[PDB]
C-alpha cells in the first residue's frame, strides 16, 4: 500500500494510482500537463488570507494569481488550470485541510484530485486528453497508493499519516 516517501522529481506515474503529496510549506505542490489541452498545478495556501495577488512559478514561468483562504485554521489546496497553452489560469475545487496532505490520480480520461473539507473529503476530476502519458512534477515528498486501496488514501487525506 504505502509506497514511499519518494523525493521531488518529474516522472510519468502509472494510471489508477494515487500520488499522495506531503508538502511542508505554502506554495506550488505539484504540476502536470499534456502540452495540448490541460495544464494543472496545485497551490497550497496558508490559513486565513484575505484576497491578495501572489507570484508563483508555474511550468517554469512567473504567474500572478489572486488567492484567498477564508478559513481561520485550515489550509487550502487550490487547483489552478488552463486548457490552452496561452490561456489564463482558473481556480477550481478547493480542499480545506488540517493534515496538509493532497493526492492526484490519472484515471479514465481524467485527472482526479481531492476536494471538500477534512475530515469528510470527496474527489473531483478534470477531463484530460492523453491522460495516461501526463508527466507530473512533485515539489515535495510523495507516496504511491493503488486505486484499489483508495479507502486508505482517503483516510490519510482526512486524518494524516
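Residue numbers count along the first chain shown, from 1.
- The PDB entry reports B-factors from which the mean C-alpha value can be compared for 36-44 and 88-96; the larger average falls on 88-96.
- Stretches compared: 121-129, 64-72. Higher mean C-alpha B-factor in the entry: 64-72.
- The entry lists a Cα temperature factor for residue 144 that places it in the highest third of the chain's modelled residues.
- Placement of the Cα temperature factor of residue 53 within the chain: highest third of the modelled residues, per the deposited record.
- Ranked by C-alpha B-factor against the other modelled residues of its chain, residue 135 falls in the highest third.
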